[PDB]
Amino acid sequence: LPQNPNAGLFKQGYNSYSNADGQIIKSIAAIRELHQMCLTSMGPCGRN
Amino acid sequence: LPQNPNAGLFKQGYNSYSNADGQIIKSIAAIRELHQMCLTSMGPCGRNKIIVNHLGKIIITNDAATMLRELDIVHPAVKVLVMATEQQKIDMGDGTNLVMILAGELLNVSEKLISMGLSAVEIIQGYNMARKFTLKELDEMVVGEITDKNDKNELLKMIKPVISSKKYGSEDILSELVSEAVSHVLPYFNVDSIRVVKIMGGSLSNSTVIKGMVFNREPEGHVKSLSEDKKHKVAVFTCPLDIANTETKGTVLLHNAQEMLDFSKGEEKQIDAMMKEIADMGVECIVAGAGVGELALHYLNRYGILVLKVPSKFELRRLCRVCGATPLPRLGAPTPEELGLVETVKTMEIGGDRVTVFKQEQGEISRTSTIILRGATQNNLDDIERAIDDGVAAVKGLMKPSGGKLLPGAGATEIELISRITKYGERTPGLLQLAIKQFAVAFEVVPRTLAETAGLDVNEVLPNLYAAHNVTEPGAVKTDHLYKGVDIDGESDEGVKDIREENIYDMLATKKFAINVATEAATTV
Amino acid sequence: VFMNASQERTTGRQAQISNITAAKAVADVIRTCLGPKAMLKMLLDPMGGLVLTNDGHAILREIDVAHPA
Amino acid sequence: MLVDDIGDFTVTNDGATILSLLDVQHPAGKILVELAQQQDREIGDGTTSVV
Amino acid sequence: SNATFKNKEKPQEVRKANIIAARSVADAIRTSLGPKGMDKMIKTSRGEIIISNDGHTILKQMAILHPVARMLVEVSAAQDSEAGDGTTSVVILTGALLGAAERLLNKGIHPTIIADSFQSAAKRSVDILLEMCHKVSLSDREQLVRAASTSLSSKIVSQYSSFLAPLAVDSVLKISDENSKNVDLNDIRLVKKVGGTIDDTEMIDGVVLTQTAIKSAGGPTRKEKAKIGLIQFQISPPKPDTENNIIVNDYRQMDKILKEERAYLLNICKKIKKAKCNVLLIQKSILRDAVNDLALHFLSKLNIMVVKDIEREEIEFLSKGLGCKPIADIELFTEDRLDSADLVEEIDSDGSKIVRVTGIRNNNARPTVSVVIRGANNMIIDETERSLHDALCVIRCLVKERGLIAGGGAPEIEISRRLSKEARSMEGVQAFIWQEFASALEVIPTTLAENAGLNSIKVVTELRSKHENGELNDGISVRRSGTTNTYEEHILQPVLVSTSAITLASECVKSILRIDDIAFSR
Amino acid sequence: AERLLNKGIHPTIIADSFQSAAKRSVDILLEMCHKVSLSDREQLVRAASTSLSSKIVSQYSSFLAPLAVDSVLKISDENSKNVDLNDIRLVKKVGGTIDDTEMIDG
Amino acid sequence: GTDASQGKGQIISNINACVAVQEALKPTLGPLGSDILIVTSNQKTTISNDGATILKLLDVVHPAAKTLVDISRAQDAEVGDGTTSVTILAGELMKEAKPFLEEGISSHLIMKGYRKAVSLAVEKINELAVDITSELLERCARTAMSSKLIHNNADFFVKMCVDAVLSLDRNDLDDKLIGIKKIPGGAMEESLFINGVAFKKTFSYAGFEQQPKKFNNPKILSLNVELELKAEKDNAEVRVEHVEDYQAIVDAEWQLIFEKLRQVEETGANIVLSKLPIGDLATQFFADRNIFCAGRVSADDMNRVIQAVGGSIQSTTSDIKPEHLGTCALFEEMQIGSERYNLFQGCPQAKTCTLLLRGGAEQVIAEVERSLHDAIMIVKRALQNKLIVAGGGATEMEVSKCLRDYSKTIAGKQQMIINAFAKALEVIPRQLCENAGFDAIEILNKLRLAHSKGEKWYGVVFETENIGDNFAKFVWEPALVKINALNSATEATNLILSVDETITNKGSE
Ligand SMILES: Nc1ncnc2c1ncn2[C@@H]1O[C@@H](COP(=O)(O)OP(=O)(O)O)[C@@H](O)[C@H]1O
Ligand SMILES: Nc1ncnc2c1ncn2[C@@H]1O[C@@H](COP(=O)(O)OP(=O)(O)O)[C@H](O)[C@H]1O
Ligand SMILES: Nc1ncnc2c1ncn2[C@@H]1O[C@@H](COP(=O)(O)OP(=O)(O)O)[C@H](O)[C@H]1O
Ligand SMILES: Nc1ncnc2c1ncn2[C@@H]1O[C@H](COP(=O)(O)OP(=O)(O)O)[C@H](O)[C@H]1O
Ligand code: BEF
Ligand code: BEF
Ligand code: BEF
Ligand code: BEF
């Protein structure tokens, strides 16, 4: 028994699209990942 | 690197589409495959092809409706013309080949018409309007005196061609047994009653027909059975011969010694009581049809009474219709108005097999008879019963008025029709002319197919027949056993009319379905 | 597409000759046993058949031939 | 929050119930889990702390 | 955002997936949307061949798993179970409905706008419809056969279509009574026989059974004037509903106890023999030919044609035709609740015996009918029976409601024209797309010409060229490339359908316009 | 082309409809153009700032627009005539921002 | 066995997982919230906007995400209309409350800070209150109808719903006594609303077709008994020592069967509804009493007919009473075409209300009742609690400008909490504008000014241009809803905010 949603517009192999607003929320966080790691590094009384 | 064409419109799993014109070219050939295999099968001077069941059993036939019966096809189109032959062999005995032969050819010739420019709808109406003209024209093309049915005179004349078709060379002797087993049924008549029993040993020519059915079984009661009588009166009944067993819950309970010491005796009493009661009635033979009790079998052997073991529920009937008696549930309470007289119930053995019989009648004469076929090959003896059942079906049609109308077979009619069908389309305006002139030449099968069988130069046989429209009957045909073209009238060879009509219809019906379909959506697995 | 895949067919002189010359096989084996200078055969079917009967039937039963002809 | 390795969750601050959902591999650890569930019997609270 | 392992669907792409899918079902179905349609062969897994032209058939035989497509079917399916016809013509309407709705939508128009445009035109198109129908009297042979030969055609049996058309109406008519009123297409038995061709079928003013009566010494072949007893008790030795042990005290008691059962046979056979009711029809199974009962044969020893294992649904179809109260049990039996039939012939083929109650009833007006659907091959008695379901029900939608619509796409051409003409009625940029629904409705007419061969644009144009003042009824003739009207060809199509179909199409595609995501799962 | 084609119109019909309109549309085109003099700073920068925009550097589009035209102009000579965009070297440096680029007369 | 993420490094993965679910509901809001075709297993396939069913048939891996999708049905049962909104609020409630976690001292200062929020907000949510007459409910029941595919016939349903509610008819109406058949076909305007019970029950009396098609003034007997030769409950076995005690036993069978209906016809019955089928014998002995009999009726069904008819279901006919038979007007088994169906209506002061619908495919119909329920229920919410709130997101913007006021008026380091709760409630109307934009943002500040000195009401229209005024517009959401939707939205976040570690295995040990 079914079912299965077809694919709207095909392409080669595999490619990754990203809706802009969604990407901004999503990529603004990726960015945010390396932030909390660079925060503690800056300044004298910090960490390495 | 690329590339790859996507899929225009998807669906579930896998499915197979078929453009209609392409399918017609493609499926008209599938059909054509089983054609060249059915061509060589039809007619006497032909051939028979072996087939090995999916279970391993071996089968040899001339009949094309059986070839397919043992054949597992896949082609939904071919499936049709196979359903045809099969959907005929049941309704009408013979004519199963003229089905495929025409059907296939109709499709074959229609191709030309489909390629020329015609359309399937145009092709259908074309052929159809011919089926109505070919069916009627034949209703009068007969000229074969509808002989009245009596004795073996008219029977042997008709029953032979029905047989000489596949089992050629034994036509005479064969049909003899057929007509024989027939005239033992006092004339509405049932075809089913004439059963057949073949047993290995000797050549087929040593077969015989006895008034009454044969049982490949020994008389129960051990060495206490007679197995030999003279003009004994029989009495057949279903209910178990043993004690009256509880159909529902039932056992045997005893409380005191007197009970036990007597319960063993009580049985013996009832037993003898039941038996002697039926024995005094003059019953010389009890044909048990269901269940046999050794407890009470003690009685029956001593007086001098036979006992035929319990056959199949369906075989008791055809048996009873021989004896004259009548079956009756419950043991005892015999009724002389339900008793039947049997001539002889001896125990003869053919091929070294213990067998009981009902052969010959002084006598009351059985209403059903069986043919005893001696042979040397399990396969042949089987494709002899077939050539028989065909006959038994030919006598089934002649027995229902007014189908007893003869007709110039042996190609004769199937050749005259060529022209007669041509004229119709020769004088019918429109595009349907072509679709008719085709349906006509379609009947080129039966003619050529006979010639090509004997090694006869087909390029001569056809022209000869065309010249010989003689209209004497005709009056014109082809016998593989002569020179040039033979004469149907002479050989006394004529194919029953109604069978041809059924064949000419079922083919024009099936061939139309195959033509009618445009797209075939086949599934998987 | 018919025919079904797969089931062997010999159309032509094939079966016409590869059935006679194939029947000849079993008919070539027994063709030694007969008469005063007889040639009795022995054969072990599945399991220890170990049966030696010169009865042409008894012999042709053990060959258990599979060929139609 | 403890995951029933089948998606199912369970949020809790209780120390006793939390240690039970851990599985307590080893004698020394399970010994504390055992000491935990003892505390509820004595009291009912502090299981988180006694350990 | 997504717990993974799932199949969401981008907004703008969704509509494509929806439309492109939905629009495509019609691509396969349009080959049957017309009397000049194309017949298909459906080879199933097992190998069983079904020949049909019926959209629904195809839709139920073929494997459909589509999220969009699978829905389009669940509507025409519900449309057949209710309306009873116009199966395919519904999938099509959704096709061109989205086809046209997408066009304007692909260029800016909001989905929710056309989504209003839908119901907007829906109502107003249901208006013209209720104004396009024709009042029809009751009980008119020619006026009904005119509707039968309209549906019972477009079938494989085109040569013989006027052969089933009569057999179709005659039976229905024999069912419709005025209680009041109420037809019961379920109360007209249809048993298929295997003989002759698809033709050679015989409409029967009565009931034809599959039951049999196998008695060599008994089993009467015919009944000139046989009374009928509608009963339903076991023709066999039953057993207590509690644990059962019958114990024989003595060895003799054995024979003596074997009568304690036969007593439970004659117990009812007696009350039945006294009534001397002749032919009997026990709903209880014997079944067919094989015992039980042995004593059952004794019941026919008194020369009493009786067949058991009757169909439950055909027992009610018996009381009305027979006109005899089917006594469930015999405790309060009588002799009044019997019936009669001029003839009963249990003709048997090969080993199968079909009991026919020919010339039966005549009394009580013979309310239940039965058409014999003869035919050699199976694939034939497959479509033929599939056509009557769409044939009887068809003509019974006129008798059901006193409304009929001119065929050849009358409201189809008309509704679009009304929509195309005056659009002021409603306002807003919404109605601006009621033109979509408009041009949409022309979906049936177009393909109709297409299925014939004659250019779909020229023919439909030849209708956009006929104007005047008066009855003004026009339609396309699939026959010639011309435009012969339906008002004269007697080729019409029921309202119960057009209304309950034009509401179905625009009730799905409107949901489709609405949807943003069609998230899937595993 | 599919819309009308999906409803009956032949592919070869619209296939003609194509070239049909093609020619006539090439006509209006040759009639929609404007005669323009030669060597006009403002009239060229008006075309540069039209293409050299719609770029990521929208804030700075009027920054590349000049650098775009000035160079080209310095290439176009009247032999006769012939420009050679291949004969204006473009070497990318890694410093500052996308801006801070300098048109070079050399 | 397995690892675990703890601390802020995980505290986050809890929050952004929350926002995640709400992201899939933004489209659904009343205005132009587009239907979502969700394919599910086994082969289920639904389509609509009803949160607690669009999320229900949508599985989620994460813990937090699994807590949110729970509030959906956690809310739908309580009021049954705040489906789409509660999720959209619960989520956004953390997004604008997150940067106060790290920058904020602790996750617990925010907890207390949320109580002073929900308390005050529920207050402001009570200020905008309206009174329900208890005809005019048709005004509010219109709103539940409006979002889903009921707008096309907003009128037809509002009545079909407040009517079904009207029949029962108790201080508390249990929609368990309000069956909802859903026939396919016809027209959506063809969805009558019987005052009895509709049954797929075909021509009753399976013996023969003799039983009356329908009866005027039927006196019904609804039974849970079997009405067939009873078997010894105590495992008994028979011993036929006699010779003809077999026939006598066979008789004892048909006997008890007659004695069965004998004492059941004594109640002058002319129609009986037995939960269980009836033996052919007992099917005839009563049939001669011209009484109808329908068997196989569902357990729940025979309770709807228990209030409609009026007769009490009784077992063991021997102790039958006159108070067991009922009074209903008629029983006509009209065919739905190809399929039968026995209808039974009438009877004064009857609670049961079966509202059969019509329209399109079984799926279309589904989404109809799906939203119909949202209506039927929305009226009980307003009926059990007769007071309403200023809808259109106005109520939301109100508690937002009110809390916002409390913001500055707070002296503490936990000020940044109440603030968050406020800012998040403004987002409730946000999408109302974003679903009909562009653009939502400009209209925001418009309401802030109006609320300040523009009186409580006045929100965003869903027409929609932008700003409007709901009392004038006519969109009033029963306070009961908005009340709990906010409460459900805040508390769940609080439990989730209380979490700082996630273990990835269970004993359960
Ligand atoms: N002398 C003959 N006797 C019988 N049949 C003959 C004779 N000569 C030719 N035939 C052929 O045998 C018949 C047909 O062969 P048959 O295998 O029976 O086809 P089918 O049974 O399908 O009709 C004749 O109609 C004819 O073509
Ligand atoms: N005295 C004999 N001299 C030569 N051959 C003989 C003699 N007696 C018998 N035979 C041959 O042996 C017999 C044939 O038997 P055969 O079928 O070959 O095997 P088996 O004897 O086992 O059945 C015949 O009688 C004959 O051909
Ligand atoms: N004689 C006709 N000429 C043109 N169109 C017809 C004609 N008869 C019927 N139609 C149209 O086609 C039918 C609908 O779908 P179809 O598959 O062709 O047959 P049906 O739905 O009755 O089984 C309608 O009756 C009508 O809209
Ligand atoms: N046209 C509207 N504009 C603003 N708010 C509305 C409008 N219609 C309804 N609402 C309110 O917003 C609410 C929250 O949405 P909900 O009913 O839970 O799911 P949905 O709005 O998608 O049906 C209600 O629908 C209602 O009380
Ligand atoms: F070929 Be026929 F059928 F003998
Ligand atoms: F968790 Be507490 F300590 F009980
Ligand atoms: F073919 Be119709 F639409 F039933
Ligand atoms: F989702 Be809404 F309440 F219909």
# chains A, B, ... in the order shown; residues from 1 in each chain; ligands from 1
call {"tool": "residues_around", "arguments": {"residues": "residue 1 in chain F", "least_positions_apart": "2", "cutoff": "9 Å", "atoms": "only C-alpha atoms", "output": "list in words"}}
result
residues 3, 4, 5, 6, 11, 14 and 15 of chain F
call {"tool": "write_last_selection", "arguments": {"atoms": "N, CA, C and O atoms", "output": "JSON list (two decimals), in the first residue's frame"}}
result
[["chain", "number", "residue", "atom", "x", "y", "z"],
["F", 3, "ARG", "N", -0.25, 25.62, -23.51],
["F", 3, "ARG", "CA", -1.64, 25.88, -23.18],
["F", 3, "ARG", "C", -2.57, 25.67, -24.38],
["F", 3, "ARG", "O", -3.48, 24.85, -24.33],
["F", 4, "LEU", "N", -2.31, 26.41, -25.46],
["F", 4, "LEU", "CA", -3.10, 26.28, -26.68],
["F", 4, "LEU", "C", -2.86, 24.94, -27.35],
["F", 4, "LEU", "O", -3.73, 24.42, -28.06],
["F", 5, "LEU", "N", -1.69, 24.37, -27.13],
["F", 5, "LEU", "CA", -1.31, 23.10, -27.73],
["F", 5, "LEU", "C", -1.99, 21.93, -27.01],
["F", 5, "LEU", "O", -2.32, 20.91, -27.63],
["F", 6, "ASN", "N", -2.18, 22.08, -25.71],
["F", 6, "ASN", "CA", -2.82, 21.06, -24.89],
["F", 6, "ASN", "C", -4.30, 20.97, -25.20],
["F", 6, "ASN", "O", -4.97, 20.03, -24.78],
["F", 11, "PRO", "N", 1.49, 21.42, -32.88],
["F", 11, "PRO", "CA", 2.82, 21.90, -32.49],
["F", 11, "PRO", "C", 3.45, 22.64, -33.67],
["F", 11, "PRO", "O", 4.12, 23.65, -33.47],
["F", 14, "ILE", "N", 1.94, 26.39, -33.97],
["F", 14, "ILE", "CA", 2.62, 27.35, -33.10],
["F", 14, "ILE", "C", 4.09, 27.47, -33.49],
["F", 14, "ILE", "O", 4.70, 28.52, -33.31],
["F", 15, "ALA", "N", 4.64, 26.38, -34.01],
["F", 15, "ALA", "CA", 6.02, 26.37, -34.48],
["F", 15, "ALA", "C", 6.22, 27.38, -35.61],
["F", 15, "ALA", "O", 7.32, 27.88, -35.82]]
call {"tool": "residues_near_ligand", "arguments": {"ligand": "ligand 3", "cutoff": "6 Å", "atoms": "only C-alpha atoms and all ligand atoms", "output": "list in words"}}
result
residues 32, 33, 34, 35, 54, 85, 86, 87, 88, 89, 150, 151, 407, 408, 409, 448, 477, 478, 491 and 493 of chain E
call {"tool": "residues_around", "arguments": {"residues": "range 334-340 of chain B", "least_positions_apart": "3", "cutoff": "8 Å", "atoms": "only C-alpha atoms", "output": "CSV table (one decimal) with C-alpha atoms, in the first residue's frame"}}
result
chain,number,residue,atom,x,y,z
B,233,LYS,CA,-32.2,-59.2,-8.7
B,234,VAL,CA,-30.2,-56.4,-7.2
B,235,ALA,CA,-30.9,-53.8,-4.5
B,236,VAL,CA,-28.7,-50.7,-4.0
B,278,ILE,CA,-33.3,-58.0,3.1
B,281,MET,CA,-36.8,-60.3,-0.3
B,323,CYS,CA,-29.7,-52.0,-12.7
B,324,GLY,CA,-33.2,-50.6,-12.6
B,325,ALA,CA,-33.3,-50.4,-8.8
B,326,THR,CA,-33.3,-47.2,-6.7
B,327,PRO,CA,-31.1,-46.0,-3.9
call {"tool": "closest_residue", "arguments": {"among": "G:314, G:270, G:191, G:106", "to": "residue 214 in chain G", "atoms": "only C-alpha atoms"}}
result
G:270
call {"tool": "residues_near_ligand", "arguments": {"ligand": "ligand 2", "cutoff": "7 Å", "atoms": "only C-alpha atoms and all ligand atoms", "output": "short mmCIF file (atom, residue, chain, number, x, y, z; two decimals) with N, CA, C and O atoms, in the first residue's frame"}}
result
data_model
loop_
_atom_site.label_atom_id
_atom_site.label_comp_id
_atom_site.auth_asym_id
_atom_site.auth_seq_id
_atom_site.Cartn_x
_atom_site.Cartn_y
_atom_site.Cartn_z
N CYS C 33 19.87 -58.31 -23.47
CA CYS C 33 19.40 -59.35 -22.55
C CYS C 33 18.82 -60.60 -23.21
O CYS C 33 19.00 -61.71 -22.71
N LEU C 34 18.09 -60.41 -24.30
CA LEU C 34 17.28 -61.46 -24.90
C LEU C 34 17.97 -62.73 -25.44
O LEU C 34 19.02 -62.69 -26.08
N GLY C 35 17.30 -63.84 -25.15
CA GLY C 35 17.56 -65.18 -25.66
C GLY C 35 18.66 -65.94 -24.93
O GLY C 35 19.04 -65.58 -23.82
N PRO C 36 19.14 -67.02 -25.54
CA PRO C 36 19.97 -67.98 -24.80
C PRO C 36 21.23 -67.37 -24.20
O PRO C 36 21.53 -67.64 -23.04
N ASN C 54 15.72 -59.79 -14.83
CA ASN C 54 15.88 -59.69 -16.28
C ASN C 54 14.55 -59.33 -16.96
O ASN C 54 14.51 -59.11 -18.17
N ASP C 55 13.48 -59.26 -16.17
CA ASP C 55 12.17 -58.90 -16.70
C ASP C 55 12.23 -57.49 -17.29
O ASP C 55 12.37 -56.51 -16.57
#
call {"tool": "residues_around", "arguments": {"residues": "range 38-47 of chain C", "least_positions_apart": "2", "cutoff": "12 Å", "atoms": "only C-alpha atoms", "output": "number ranges by chain"}}
result
C: 29-36, 49-56, 58-65
call {"tool": "write_last_selection", "arguments": {"atoms": "N, CA and C atoms", "output": "PDB file, in the first residue's frame"}}
result
ATOM      1  N   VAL C  29      19.637 -50.286 -24.704  1.00  0.00           N
ATOM      2  CA  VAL C  29      20.158 -50.898 -23.493  1.00  0.00           C
ATOM      3  C   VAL C  29      19.649 -52.318 -23.333  1.00  0.00           C
ATOM      4  N   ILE C  30      18.334 -52.479 -23.373  1.00  0.00           N
ATOM      5  CA  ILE C  30      17.730 -53.790 -23.184  1.00  0.00           C
ATOM      6  C   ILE C  30      18.038 -54.753 -24.337  1.00  0.00           C
ATOM      7  N   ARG C  31      18.415 -54.199 -25.488  1.00  0.00           N
ATOM      8  CA  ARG C  31      18.651 -54.993 -26.700  1.00  0.00           C
ATOM      9  C   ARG C  31      19.802 -55.996 -26.571  1.00  0.00           C
ATOM     10  N   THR C  32      20.199 -56.311 -25.341  1.00  0.00           N
ATOM     11  CA  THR C  32      21.289 -57.266 -25.130  1.00  0.00           C
ATOM     12  C   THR C  32      20.889 -58.489 -24.306  1.00  0.00           C
ATOM     13  N   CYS C  33      19.874 -58.312 -23.469  1.00  0.00           N
ATOM     14  CA  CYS C  33      19.401 -59.349 -22.554  1.00  0.00           C
ATOM     15  C   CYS C  33      18.815 -60.602 -23.206  1.00  0.00           C
ATOM     16  N   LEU C  34      18.087 -60.407 -24.298  1.00  0.00           N
ATOM     17  CA  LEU C  34      17.283 -61.464 -24.905  1.00  0.00           C
ATOM     18  C   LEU C  34      17.966 -62.729 -25.440  1.00  0.00           C
ATOM     19  N   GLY C  35      17.300 -63.842 -25.149  1.00  0.00           N
ATOM     20  CA  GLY C  35      17.564 -65.177 -25.656  1.00  0.00           C
ATOM     21  C   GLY C  35      18.657 -65.942 -24.934  1.00  0.00           C
ATOM     22  N   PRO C  36      19.145 -67.021 -25.537  1.00  0.00           N
ATOM     23  CA  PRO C  36      19.972 -67.981 -24.798  1.00  0.00           C
ATOM     24  C   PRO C  36      21.230 -67.373 -24.200  1.00  0.00           C
ATOM     25  N   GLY C  49      18.848 -50.201  -3.879  1.00  0.00           N
ATOM     26  CA  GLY C  49      17.933 -50.974  -4.700  1.00  0.00           C
ATOM     27  C   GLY C  49      18.431 -52.394  -4.873  1.00  0.00           C
ATOM     28  N   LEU C  50      19.672 -52.520  -5.326  1.00  0.00           N
ATOM     29  CA  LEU C  50      20.332 -53.814  -5.427  1.00  0.00           C
ATOM     30  C   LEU C  50      19.423 -54.898  -5.993  1.00  0.00           C
ATOM     31  N   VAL C  51      18.757 -54.590  -7.102  1.00  0.00           N
ATOM     32  CA  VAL C  51      17.825 -55.522  -7.729  1.00  0.00           C
ATOM     33  C   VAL C  51      18.306 -55.968  -9.106  1.00  0.00           C
ATOM     34  N   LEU C  52      18.256 -57.275  -9.350  1.00  0.00           N
ATOM     35  CA  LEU C  52      18.712 -57.840 -10.616  1.00  0.00           C
ATOM     36  C   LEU C  52      17.677 -58.766 -11.254  1.00  0.00           C
ATOM     37  N   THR C  53      16.665 -58.173 -11.879  1.00  0.00           N
ATOM     38  CA  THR C  53      15.621 -58.935 -12.556  1.00  0.00           C
ATOM     39  C   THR C  53      15.715 -58.706 -14.061  1.00  0.00           C
ATOM     40  N   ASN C  54      15.717 -59.790 -14.831  1.00  0.00           N
ATOM     41  CA  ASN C  54      15.875 -59.687 -16.276  1.00  0.00           C
ATOM     42  C   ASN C  54      14.554 -59.327 -16.960  1.00  0.00           C
ATOM     43  N   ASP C  55      13.482 -59.258 -16.172  1.00  0.00           N
ATOM     44  CA  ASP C  55      12.169 -58.896 -16.695  1.00  0.00           C
ATOM     45  C   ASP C  55      12.231 -57.492 -17.293  1.00  0.00           C
ATOM     46  N   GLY C  56      12.145 -57.413 -18.621  1.00  0.00           N
ATOM     47  CA  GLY C  56      12.243 -56.154 -19.343  1.00  0.00           C
ATOM     48  C   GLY C  56      11.430 -55.025 -18.740  1.00  0.00           C
ATOM     49  N   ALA C  58      10.585 -55.057 -15.376  1.00  0.00           N
ATOM     50  CA  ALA C  58      11.331 -54.874 -14.137  1.00  0.00           C
ATOM     51  C   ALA C  58      12.571 -54.012 -14.355  1.00  0.00           C
ATOM     52  N   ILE C  59      13.175 -54.133 -15.531  1.00  0.00           N
ATOM     53  CA  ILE C  59      14.327 -53.306 -15.877  1.00  0.00           C
ATOM     54  C   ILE C  59      13.902 -51.883 -16.214  1.00  0.00           C
ATOM     55  N   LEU C  60      12.984 -51.755 -17.168  1.00  0.00           N
ATOM     56  CA  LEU C  60      12.561 -50.446 -17.654  1.00  0.00           C
ATOM     57  C   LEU C  60      11.805 -49.642 -16.597  1.00  0.00           C
ATOM     58  N   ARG C  61      11.560 -50.260 -15.443  1.00  0.00           N
ATOM     59  CA  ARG C  61      10.923 -49.562 -14.331  1.00  0.00           C
ATOM     60  C   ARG C  61      11.967 -48.832 -13.493  1.00  0.00           C
ATOM     61  N   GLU C  62      13.177 -49.385 -13.455  1.00  0.00           N
ATOM     62  CA  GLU C  62      14.248 -48.844 -12.623  1.00  0.00           C
ATOM     63  C   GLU C  62      14.992 -47.706 -13.308  1.00  0.00           C
ATOM     64  N   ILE C  63      15.024 -47.742 -14.633  1.00  0.00           N
ATOM     65  CA  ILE C  63      15.608 -46.655 -15.398  1.00  0.00           C
ATOM     66  C   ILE C  63      14.854 -45.361 -15.094  1.00  0.00           C
ATOM     67  N   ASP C  64      13.587 -45.503 -14.715  1.00  0.00           N
ATOM     68  CA  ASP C  64      12.735 -44.368 -14.368  1.00  0.00           C
ATOM     69  C   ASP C  64      12.861 -43.231 -15.378  1.00  0.00           C
ATOM     70  N   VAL C  65      13.000 -43.588 -16.651  1.00  0.00           N
ATOM     71  CA  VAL C  65      13.181 -42.608 -17.719  1.00  0.00           C
ATOM     72  C   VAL C  65      12.279 -41.391 -17.559  1.00  0.00           C
TER      73      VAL C  65
END
call {"tool": "atom_distance", "arguments": {"atom1": "CA of residue 42 in chain F", "atom2": "CA of residue 62 in chain F"}}
result
12.5 Å
call {"tool": "interface_residues", "arguments": {"of": "chain B", "to": "chain E", "cutoff": "8 Å", "atoms": "only C-alpha atoms", "output": "NGL selection string"}}
result
:B and (9 or 11-12 or 74 or 76 or 83-84 or 87 or 91 or 243-254 or 259 or 263-267 or 270 or 317 or 326 or 329 or 506 or 509 or 516-525)
call {"tool": "residues_near_ligand", "arguments": {"ligand": "ligand 6", "cutoff": "6 Å", "atoms": "only C-alpha atoms and all ligand atoms", "output": "list in words"}}
result
residues 14, 15, 44, 45, 46, 47 and 48 of chain D
call {"tool": "residues_near_ligand", "arguments": {"ligand": "ligand 8", "cutoff": "12 Å", "atoms": "only C-alpha atoms and all ligand atoms", "output": "NGL selection string"}}
result
:G and (25-36 or 47-55 or 72 or 75-76 or 79-88 or 141-151 or 367-378 or 477 or 481)
call {"tool": "closest_atom_pairs", "arguments": {"of": "chain F", "to": "chain E", "cutoff": "9 Å", "atoms": "only C-alpha atoms", "output": "tab-separated table"}}
result
residue	atom	partner	partner_atom	distance
F:3	CA	E:103	CA	9.0
F:7	CA	E:457	CA	7.6
F:8	CA	E:456	CA	6.7
F:9	CA	E:457	CA	8.6
call {"tool": "residues_around", "arguments": {"residues": "residue 100 in chain B", "least_positions_apart": "5", "cutoff": "7 Å", "atoms": "only C-alpha atoms", "output": "number ranges by chain"}}
result
B: 81, 85, 507
call {"tool": "interface_residues", "arguments": {"of": "chain B", "to": "chain C", "cutoff": "9 Å", "atoms": "only C-alpha atoms", "output": "list in words"}}
result
residues 27, 30, 33, 50, 52, 58, 72, 73, 74, 75 and 78 of chain B
